[PDB]
Structures are given as C-alpha cells and as structure tokens.
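Since the structure comes first, as structure tokens, the remarks are kept for the end.
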Amino acid sequence: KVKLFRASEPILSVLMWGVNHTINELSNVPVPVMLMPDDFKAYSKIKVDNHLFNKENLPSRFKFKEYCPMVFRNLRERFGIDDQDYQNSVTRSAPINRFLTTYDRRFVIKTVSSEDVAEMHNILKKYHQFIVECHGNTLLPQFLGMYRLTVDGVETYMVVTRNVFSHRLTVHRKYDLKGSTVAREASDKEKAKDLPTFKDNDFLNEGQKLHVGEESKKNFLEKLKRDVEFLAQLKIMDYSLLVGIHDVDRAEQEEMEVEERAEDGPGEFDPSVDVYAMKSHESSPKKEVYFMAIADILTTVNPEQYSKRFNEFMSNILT
Amino acid sequence: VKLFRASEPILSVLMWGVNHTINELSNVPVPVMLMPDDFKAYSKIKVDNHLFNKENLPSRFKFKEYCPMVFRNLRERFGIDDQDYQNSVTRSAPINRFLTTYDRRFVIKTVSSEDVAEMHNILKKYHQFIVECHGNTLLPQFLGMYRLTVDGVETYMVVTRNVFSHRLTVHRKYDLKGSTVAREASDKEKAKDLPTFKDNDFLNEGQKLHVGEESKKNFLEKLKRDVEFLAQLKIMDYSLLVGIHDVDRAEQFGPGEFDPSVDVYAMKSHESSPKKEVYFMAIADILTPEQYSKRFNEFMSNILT
Ligand SMILES: Nc1nc2c(ncn2[C@@H]2O[C@H](COP(=O)(O)O)[C@@H](O)[C@H]2O)c(=O)[nH]1
Ligand SMILES: Nc1nc2c(ncn2[C@@H]2O[C@H](COP(=O)(O)O)[C@@H](O)[C@H]2O)c(=O)[nH]1
Ligand SMILES: Nc1nc2c(ncn2[C@@H]2O[C@H](COP(=O)(O)O)[C@@H](O)[C@H]2O)c(=O)[nH]1
Ligand SMILES: Nc1nc2c(ncn2[C@@H]2O[C@H](COP(=O)(O)O)[C@@H](O)[C@H]2O)c(=O)[nH]1
C-alpha cells in the first residue's frame, strides 16, 4: 500500500504527491449543500522543506497549490468521477507522455500558461453553472483540477481533464477541426509522424465522414449547439473539435498480433467512462468508434459567428 | 472524516500535524537501520489556505517534525502501532501545558527550545539504549517531537507514553528524587484533588509498595540500568513518578483489571499486601551524576517490600 511517487522527473513526483495530498485532505472536508462564491476565489497551498528525509523520489523542497478545490471536487462529482479513483489514477503510477496521460489513460494533464490559469478563473463560475444545467452532458473539456507546482524555484501550471479518447480503445486517426475558411492542413512534418494530427482540408479532401446514425447525430448536435453558444457568450474563439477515429477490425487484428507474440468487447465501450465515444451506424461502410470533443477553450471574425460557423461544419462531419 | 475540532487552534494544528506526518511516513519504507543523518533530520510543512478549510484549522500555520525516522522506530520498539498513535491524537481533541490524548494513552507536554536541543543531544544514545534493552525500561518513552508555528508563535511538544493507566484512576501521586533536602507538598498544592507529594511526605507516611520480592527483582534490575544510563550521560535531578490506584475505593471490566501491554508501567499489589492496589512507576523529567544516580537508586529500593 506504499506509494513512492516514483517518476522520470521531479515535477511528476510532486504532481503525484500533491493530488494525493489534496484528495486526502478533501476527504476530511464535508461535502457542502452548495458552492459559495468564495469557493471560486479559494485555493490551498502547502510548502514542504524536508531536511535529510524522504528524498528518494520527492525533492526535499517544493510547493503545491490547488485552485478552487471545493469547486473542482464538485465538478468531478457532476462528471461522475470518484475522488478515490481520480487519486488512484494519478498516484498508483507515474503519468506518461507538455502533455501527460495518467498511466491508465483516464485523465489528461496539460501544462498551461499563467494566462490559461487566469482564464479558468474568469470563466469558472459560469462553466460550473453550465455543467449544472446540462447535467454533465457536454462536448466541452471536463475540468477536474487546476494546480501550480513549484520545483527549483520554477512554477508550473497544470489542468486535469477527462481524456477525450477512450482509456482502452486505440485511436487510428485524429483530426483537429475548426471550420475556418483559412487553409488548414498538416505540415509535411506532421504527416510523417505515427498518429498525425490532420486538419480541416485533410478531412474534407479525404472525403471522410462519420456514420453515427440519426439518433446520435441529433443528440450530438444538440450538445454542440449549447456548448458553442455558451462559449460564444464568453469571449471565446478558435477552439477546435477534436476528432478521434477507432477502426474496430484493425484493432481486433492488432490485438491478435499482440497475443501471437505471447503464444507463438469488440468495438464497444462504457458511455459513462468513454464519455465522448459514439458507435458507427449499423449500416456504416465499416465498424468504427468515434471520439469527438471540443478542444482548447482556455487559451476577421468574432465569437458569436465562430459558434455559428464552427457549428455548420461539425453538422456536416457526420451522417 | 476527521475535522480536527479542538478547544484551541494549537491543538487543531497538532492533530492535523500528527495525521499528516503519520500518513506521510506510511509511504516511507521502514529501513534496515537508522543512519546518523536520521538524527539530524526533519520534516517541515507550511500551510497557507485562502478561503478554504478554515472551520477548525487556521488558514496559515507550520508544522515541523524532528527526526521522524528515529521516532517512528522508537514507536515500534515500544510496541506502538503508527495507526494507533495517529488514531489516539486525531480521533478526538487531546484534553487537559500538560495534555493527554482523548484516550489518555499518550501524554503531550509543551517543552522549551533548550529541551528540544537536549533531546537531539541524547537521542542517538537514548535510541541505542532502547535497542539494547528491548524497549523495557522505566525511562520516559518518547514517541515523537514536534514544533508548531501558529499565529507566528513557535511551540515545542514532546509525546510520551502515559506513565499512569489510561483507565485506572490514580488516587495519589508522589514525585520522588531521593533528595537530602526539604521536599514536601505546599499548603496550596496540598489542596487540590490530585496532590503531587514528595519524598518527605512519603517517607514520613510509612508508605510502602507491596509487589513482592519478585517484581522488585524485575523493577530494581530495571531501575539500575536506567539510572546508570542517565549517569553516563551526566544527567540528574530527575524524579520517580509514582501512582497509586486503590482498587476497593474505585469499585465503590473489573476492579484492578488492566492490559499489561498497554499500561506498561502498572504493577499489581502482592497477595499478602494490606490493601488491594495497582502501582504505576516510571522515571520522569530527565531533559537537562554518580551521586544522584546511586542516592536516587537506594531511596527507591526502600519502598519495595
Ligand atoms: N481571476 C482570477 N485569476 C487568478 C486568481 N488567482 C490567480 N489568478 C491568475 O492566475 C495566474 C497565476 O496565479 P498565481 O497563483 O501564480 O498567483 C495569474 O495570471 C493570476 O493573475 C483568482 O483568484 N482569480
Ligand atoms: N494572482 C491573481 N491574479 C488575479 C486575481 N484576480 C485577478 N487576477 C488577474 O487580474 C487580471 C484582470 O485585470 P484587468 O485586465 O481587469 O485589469 C487577470 O488577467 C488575472 O491575471 C487574483 O486574485 N490573483
Ligand atoms: N489522448 C489524448 N490526446 C489529446 C487530447 N487532447 C489533445 N490531444 C492530442 O495532443 C496533441 C496536442 O494537444 P493540444 O495542443 O490540443 O493540447 C494533439 O495532437 C492532440 O491530438 C486528449 O484529451 N487526449
Ligand atoms: N543538536 C541538535 N540540535 C537541534 C537540531 N535541530 C534543532 N536543534 C535545536 O533545537 C532547538 C529548536 O530548534 P528549532 O527547530 O526551533 O530551529 C534549538 O536549540 C536548535 O539548535 C539538531 O539536529 N541537532
């Protein structure tokens, strides 16, 4: 039951230690009837200066700050994430590859700028209220924690989200879509990578389509509508639709080759866990799973119109 | 769900501190041996909580634990489980400086900076002696040592295993130095319910302690090595805290019943003893030579028949 907080970088150990630390302290804090306004300006801060002690994995000296912990605890709850699960995902083993995933691929940890952290505060009261009135049903990023780590006098800002992708199903192709009239494509650099991040004209040029079926398309499009309208209400623009594609047969084969090396359920998922996943329509050219979520809402044409434009595009991404 | 609700913020910080450090230690491997650095080591944490978790805790505070690996090892060598130690401190506010945990198992004494220095001074040798005697000793048993910073004020604390029983009411206590001077209770002191008597008011009482010549064997075999250890360390002016539980009295879950592994210092009255009693006996207040050692030793050998 010993947790060592062992990691490739001291930053990771401190991250593991702080999530572990704060989740445990929160376990000693009654769950409130409601969130008070201060909760939105609140934060916790701990500074550690150990001497000749417990220095194998943690640095002797570091700081950890959690923004607005009462609010994020509540967000986790409304997103149906149990605090102990969250803690275990982060601390049972070092997050792996600034962009990390928890070792079990449930949670994504992004290193952000100070400005990003500033925007979360700005948007936080309304985002919460919006998560309340849409019952956690949303294509928006789902925020679970915000933290500032300090190691060797250096401050690092981090935001934890639920993975847009499945924690279990492989992605075989992703796109970052915006719907911009501007040319959007992948550099020769990108296309050369393993899992390139294709863009608008790649999607349009490939003739790609996402066969989800009318009932999913409608539910999807109703989410997209209020999400982008909510974002337009704030001063927010230039976010993307992150699209991941999972080829069910290709995976079955990949798995089969995986076991072969040892010797020598099929494209389904828990919609409560892989929250952005959608099956293909029974009459799809091939058996697929899609993951679709709005990306990057923190960091001519104005907002209101973007939501209008962004919206028309994603409505045409599918059938 | 522990709130750390207490009469006083210092106590809340203490409860929070022991909780925090014991949890942290449960993530630290038990080593194959203590190292010299473990005797100069510490943990420090500073807390700054804006608009968060203020119901019982101050928003800002510090908690420092001295030599946490050595005290964790001492706990084990005394047969104390970390989880219990933690539970005794945090389950409920320690009560009435001189506190005990809510279950009276552990004593919490405010002490001075010089005290904390003195402890660092004797600690390696004290530990070594605890090892060599397999935890069996009338010396105080030190379970942890802490410094608290609250409202800008630093406070030092040492935790010991309670000398008296955690259940058995003590009816009379004597502080015994074996001195050749005038040590008696003061008129005002002689007033309150729990009078701290001394040598003279004891030797002039004809009071003996009946444990047998057998328990006197164990006890005196113990006391000698202890006062010896203190001498070699050139320490003195320490007392023998003695407690007396009158069975019949309390009677007016059984009378005189107790768990020897928890009430480590308690001794049953002998069979042939006049009244039915339980005695509690340990050395106290040694944070500070031969003559005192041998003088002390004899005045104590003269109360066990
Ligand atoms: N709106 C808002 N912004 C904050 C708050 N706390 C910190 N920030 C912003 O977050 C960034 C980093 O804050 P730090 O916690 O490093 O002081 C800064 O850009 C800071 O202005 C807050 O309570 N409200
Ligand atoms: N650190 C910190 N930064 C804040 C706080 N409240 C607001 N800010 C910062 O204040 C700025 C707002 O300033 P304005 O642009 O309205 O003059 C934001 O960029 C954000 O960085 C706070 O409580 N703490
Ligand atoms: N597994 C996973 N990858 C992501 C997620 N969000 C973005 N990525 C990927 O990470 C890369 C950079 O992230 P971004 O700049 O959007 O933060 C992109 O190639 C994108 O496909 C996510 O939620 N989960
Ligand atoms: N000998 C010794 N004394 C210490 C050590 N740590 C703290 N002390 C002493 O204990 C007292 C309290 O120290 P503070 O922890 O308040 O800085 C001071 O007299 C200090 O010098 C140590 O590692 N060794």
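Chain labels run A, B, ... following the order of the structure tokens; each chain numbers its residues from 1, and ligands are numbered from 1 in the order shown.
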Write as a PyMOL selection string the residues around ligand 2, taking 12 Å as the cut-off and counting only C-alpha atoms and all ligand atoms.
(chain A and resi 38+40-43+67-68+113-123+148) or (chain B and resi 50-51)
Taking only C-alpha atoms into account, what are the residues of chain A at most 12 Å from chain B, put as a count of residues only?
57
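For the pair atom CA of residue 141 of chain B and atom CA of residue 183 of chain B, the separation is 26.1 Å.
Between ligand 1 and the candidates A:72, A:125, A:80, A:90, the tightest atom-to-atom separation, counting only C-alpha atoms and all ligand atoms, involves A:125.
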Let's see if you can do this: from backbone DSSP, list all helix (DSSP H, G or I) residues in segment 102-216 of chain A, as a ChimeraX atom specification.
/A:114-133,188-192,200-205,214-216
Keeping C-alpha atoms for every residue in the selection just given, could you write it to a file as an mmCIF file, in the first residue's frame?
```cif
data_model
loop_
_atom_site.group_PDB
_atom_site.id
_atom_site.type_symbol
_atom_site.label_atom_id
_atom_site.label_comp_id
_atom_site.auth_asym_id
_atom_site.auth_seq_id
_atom_site.Cartn_x
_atom_site.Cartn_y
_atom_site.Cartn_z
ATOM 1 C CA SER A 114 -0.407 31.610 -16.384
ATOM 2 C CA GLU A 115 -2.830 33.271 -18.775
ATOM 3 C CA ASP A 116 -4.640 29.953 -19.200
ATOM 4 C CA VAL A 117 -4.953 29.766 -15.390
ATOM 5 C CA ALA A 118 -6.323 33.319 -15.437
ATOM 6 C CA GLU A 119 -8.971 32.463 -17.991
ATOM 7 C CA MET A 120 -10.167 29.421 -15.915
ATOM 8 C CA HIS A 121 -10.958 31.771 -13.027
ATOM 9 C CA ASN A 122 -12.704 34.197 -15.365
ATOM 10 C CA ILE A 123 -14.872 31.513 -16.883
ATOM 11 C CA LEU A 124 -15.135 29.239 -13.829
ATOM 12 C CA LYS A 125 -18.403 30.392 -12.163
ATOM 13 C CA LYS A 126 -20.353 30.171 -15.422
ATOM 14 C CA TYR A 127 -18.720 26.953 -16.585
ATOM 15 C CA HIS A 128 -19.800 25.393 -13.320
ATOM 16 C CA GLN A 129 -23.341 26.709 -13.641
ATOM 17 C CA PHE A 130 -23.376 25.457 -17.224
ATOM 18 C CA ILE A 131 -22.180 21.985 -16.110
ATOM 19 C CA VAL A 132 -25.012 22.060 -13.569
ATOM 20 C CA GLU A 133 -27.771 22.827 -16.031
ATOM 21 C CA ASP A 188 4.935 17.523 -44.149
ATOM 22 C CA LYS A 189 6.416 17.258 -40.675
ATOM 23 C CA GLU A 190 3.133 16.123 -39.145
ATOM 24 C CA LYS A 191 2.007 13.696 -41.867
ATOM 25 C CA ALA A 192 5.304 11.875 -41.259
ATOM 26 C CA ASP A 200 -9.872 20.777 -41.966
ATOM 27 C CA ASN A 201 -8.781 20.331 -45.564
ATOM 28 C CA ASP A 202 -7.398 16.867 -44.842
ATOM 29 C CA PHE A 203 -10.803 15.848 -43.518
ATOM 30 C CA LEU A 204 -12.569 17.473 -46.491
ATOM 31 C CA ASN A 205 -10.044 16.129 -49.026
ATOM 32 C CA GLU A 214 -29.659 9.922 -36.884
ATOM 33 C CA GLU A 215 -30.351 9.498 -33.172
ATOM 34 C CA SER A 216 -26.710 10.027 -32.204
#
```
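In this model, the gap between atom 11 (C, counted along the ligand's line) of ligand 4 and atom CA of residue 158 of chain B comes to 12.6 Å.
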Selection: 9 Å around residue 77 of chain B, only C-alpha atoms, excl. self and same-chain fewer than 4 positions, as a list in words
residues 72, 73, 130, 131, 134 and 135 of chain B
Would you export the selected residues with N, CA and C atoms as a short mmCIF file (atom, residue, chain, number, x, y, z; two decimals), in the first residue's frame, please?
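Result saved to part_28.cif:
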```
data_model
loop_
_atom_site.label_atom_id
_atom_site.label_comp_id
_atom_site.auth_asym_id
_atom_site.auth_seq_id
_atom_site.Cartn_x
_atom_site.Cartn_y
_atom_site.Cartn_z
N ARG B 72 9.71 7.11 14.65
CA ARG B 72 8.91 6.01 14.15
C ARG B 72 9.50 4.66 14.62
N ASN B 73 10.82 4.52 14.52
CA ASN B 73 11.49 3.35 15.06
C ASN B 73 11.33 3.15 16.56
N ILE B 130 17.54 2.00 24.08
CA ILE B 130 16.23 1.38 23.88
C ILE B 130 16.37 0.07 23.11
N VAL B 131 17.28 0.04 22.14
CA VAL B 131 17.58 -1.18 21.40
C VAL B 131 18.15 -2.25 22.34
N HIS B 134 15.64 -3.82 24.63
CA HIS B 134 14.42 -4.35 24.02
C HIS B 134 13.16 -3.62 24.50
N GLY B 135 13.25 -2.30 24.65
CA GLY B 135 12.08 -1.49 24.90
C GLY B 135 11.64 -1.51 26.35
#
```
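Selecting all polymer residues at most 7 Å from ligand 4, using only C-alpha atoms and all ligand atoms, gives residues 39, 40, 41, 113, 114, 116, 117, 120, 121 and 147 of chain B.
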Store the residues of this selection in a file with N, CA and C atoms, as an mmCIF file, in the first residue's frame.
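Written out: out.cif:
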```
data_model
loop_
_atom_site.group_PDB
_atom_site.id
_atom_site.type_symbol
_atom_site.label_atom_id
_atom_site.label_comp_id
_atom_site.auth_asym_id
_atom_site.auth_seq_id
_atom_site.Cartn_x
_atom_site.Cartn_y
_atom_site.Cartn_z
ATOM 1 N N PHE B 39 19.238 11.314 12.702
ATOM 2 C CA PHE B 39 19.281 12.037 13.974
ATOM 3 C C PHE B 39 19.432 13.561 13.830
ATOM 4 N N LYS B 40 19.589 14.046 12.602
ATOM 5 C CA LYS B 40 19.611 15.498 12.355
ATOM 6 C C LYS B 40 18.577 15.893 11.338
ATOM 7 N N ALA B 41 17.624 15.005 11.102
ATOM 8 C CA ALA B 41 16.669 15.217 10.031
ATOM 9 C C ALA B 41 15.372 15.839 10.533
ATOM 10 N N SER B 113 12.701 25.237 23.748
ATOM 11 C CA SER B 113 13.750 25.128 22.753
ATOM 12 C C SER B 113 14.990 24.401 23.304
ATOM 13 N N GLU B 114 15.385 24.690 24.546
ATOM 14 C CA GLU B 114 16.607 24.078 25.060
ATOM 15 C C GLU B 114 16.357 22.600 25.243
ATOM 16 N N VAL B 116 14.443 20.781 23.334
ATOM 17 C CA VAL B 116 14.459 20.112 22.039
ATOM 18 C C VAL B 116 15.904 19.891 21.602
ATOM 19 N N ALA B 117 16.780 20.792 22.041
ATOM 20 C CA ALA B 117 18.213 20.676 21.813
ATOM 21 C C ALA B 117 18.739 19.511 22.624
ATOM 22 N N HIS B 120 17.922 16.262 21.028
ATOM 23 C CA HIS B 120 18.835 15.994 19.937
ATOM 24 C C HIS B 120 20.161 15.512 20.492
ATOM 25 N N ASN B 121 20.542 16.055 21.640
ATOM 26 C CA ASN B 121 21.796 15.682 22.256
ATOM 27 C C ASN B 121 21.863 14.243 22.740
ATOM 28 N N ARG B 147 7.478 20.794 16.389
ATOM 29 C CA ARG B 147 7.351 22.229 16.595
ATOM 30 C C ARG B 147 6.230 22.794 15.747
#
```
Throw together the list of residues within 6 Å of ligand 3, counting only C-alpha atoms and all ligand atoms, and drop it here as an MDAnalysis selection string.
chainID A and resid 108 163:165 197
Grab the residues selected above and save them as a PDB file, in the first residue's frame with N, CA and C atoms.
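In the end it all went to selection-v3.pdb:
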```pdb
ATOM      1  N   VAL A 108      -6.154  13.334 -18.569  1.00  0.00           N
ATOM      2  CA  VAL A 108      -5.119  14.074 -19.268  1.00  0.00           C
ATOM      3  C   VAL A 108      -4.666  15.260 -18.424  1.00  0.00           C
ATOM      4  N   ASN A 163      -9.911  12.391 -20.384  1.00  0.00           N
ATOM      5  CA  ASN A 163      -9.456  12.085 -21.744  1.00  0.00           C
ATOM      6  C   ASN A 163     -10.612  12.113 -22.739  1.00  0.00           C
ATOM      7  N   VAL A 164     -10.408  12.766 -23.873  1.00  0.00           N
ATOM      8  CA  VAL A 164     -11.450  12.835 -24.877  1.00  0.00           C
ATOM      9  C   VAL A 164     -11.581  11.448 -25.478  1.00  0.00           C
ATOM     10  N   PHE A 165     -10.446  10.776 -25.550  1.00  0.00           N
ATOM     11  CA  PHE A 165     -10.364   9.459 -26.125  1.00  0.00           C
ATOM     12  C   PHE A 165     -10.663   8.400 -25.087  1.00  0.00           C
ATOM     13  N   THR A 197      -1.777  14.707 -36.808  1.00  0.00           N
ATOM     14  CA  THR A 197      -2.955  15.479 -36.435  1.00  0.00           C
ATOM     15  C   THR A 197      -3.476  16.230 -37.652  1.00  0.00           C
TER      16      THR A 197
END
```
Can you tell me, as a list in words, what residues are no more than 10 Å from residue 7 of chain B when counting only C-alpha atoms, ignoring any on the same chain fewer than 6 positions away?
residues 56, 93, 94 and 95 of chain B
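Rounded to one decimal, atom CA of residue 159 of chain A and atom CA of residue 143 of chain A lie 7.2 Å from each other.
Residue nearest residue 171 of chain A within the list A:195, A:14, A:256, A:293: A:195 [criterion: smallest interatomic distance, only C-alpha atoms].
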Segment 96-103 of chain A surroundings by only C-alpha atoms, 10 Å radius, close-in-sequence under 4 positions cut, as a CSV table (one decimal) with N, CA and C atoms, in the first residue's frame:
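Saved file result_32.csv follows:
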```
chain,number,residue,atom,x,y,z
A,7,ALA,N,9.0,8.8,-10.3
A,7,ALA,CA,8.7,9.3,-11.7
A,7,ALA,C,10.0,9.7,-12.4
A,8,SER,N,9.9,9.8,-13.7
A,8,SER,CA,11.1,10.2,-14.5
A,8,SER,C,11.6,11.6,-14.2
A,12,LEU,N,6.9,15.3,-11.9
A,12,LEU,CA,5.9,14.2,-11.9
A,12,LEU,C,5.6,13.7,-10.4
A,86,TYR,N,-9.8,9.0,-8.9
A,86,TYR,CA,-9.0,10.1,-9.5
A,86,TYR,C,-7.6,10.1,-8.9
A,88,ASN,N,-6.2,7.6,-7.4
A,88,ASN,CA,-5.5,6.3,-7.8
A,88,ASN,C,-5.0,6.4,-9.2
A,89,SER,N,-5.8,6.9,-10.1
A,89,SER,CA,-5.3,7.1,-11.5
A,89,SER,C,-4.0,7.9,-11.5
A,90,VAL,N,-3.9,8.9,-10.7
A,90,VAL,CA,-2.8,9.8,-10.7
A,90,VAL,C,-1.6,9.3,-9.9
A,91,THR,N,-1.8,8.5,-8.8
A,91,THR,CA,-0.7,8.2,-7.9
A,91,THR,C,-0.2,6.8,-7.9
A,92,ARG,N,-1.1,5.8,-8.4
A,92,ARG,CA,-0.7,4.4,-8.4
A,92,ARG,C,0.6,4.2,-9.2
A,107,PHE,N,-7.2,10.1,-17.4
A,107,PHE,CA,-7.1,11.6,-17.3
A,107,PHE,C,-5.9,12.2,-18.0
A,108,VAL,N,-6.2,13.3,-18.6
A,108,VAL,CA,-5.1,14.1,-19.3
A,108,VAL,C,-4.7,15.3,-18.4
A,109,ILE,N,-3.4,15.4,-18.4
A,109,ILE,CA,-2.8,16.5,-17.6
A,109,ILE,C,-2.0,17.5,-18.6
A,110,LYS,N,-2.4,18.7,-18.6
A,110,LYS,CA,-1.8,19.6,-19.5
A,110,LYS,C,-1.1,20.7,-18.8
A,111,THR,N,0.2,21.0,-19.2
A,111,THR,CA,0.9,22.1,-18.7
A,111,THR,C,0.4,23.3,-19.4
A,112,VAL,N,-0.1,24.3,-18.7
A,112,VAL,CA,-0.6,25.5,-19.3
A,112,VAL,C,0.1,26.8,-18.9
A,158,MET,N,-0.8,23.5,-14.3
A,158,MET,CA,-1.4,22.2,-14.8
A,158,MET,C,-2.9,22.2,-14.6
A,160,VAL,N,-6.1,19.4,-15.2
A,160,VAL,CA,-6.5,18.0,-15.4
A,160,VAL,C,-7.9,17.9,-16.1
A,161,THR,N,-8.0,17.1,-17.2
A,161,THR,CA,-9.2,16.9,-17.9
A,161,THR,C,-9.6,15.4,-18.0
A,162,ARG,N,-10.8,15.1,-18.3
A,162,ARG,CA,-11.1,13.7,-18.7
A,162,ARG,C,-10.6,13.5,-20.1
A,163,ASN,N,-9.9,12.4,-20.4
A,163,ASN,CA,-9.5,12.1,-21.7
A,163,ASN,C,-10.6,12.1,-22.7
A,167,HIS,N,-10.0,5.2,-22.7
A,167,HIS,CA,-8.9,4.7,-21.9
A,167,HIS,C,-8.4,3.3,-22.4
```
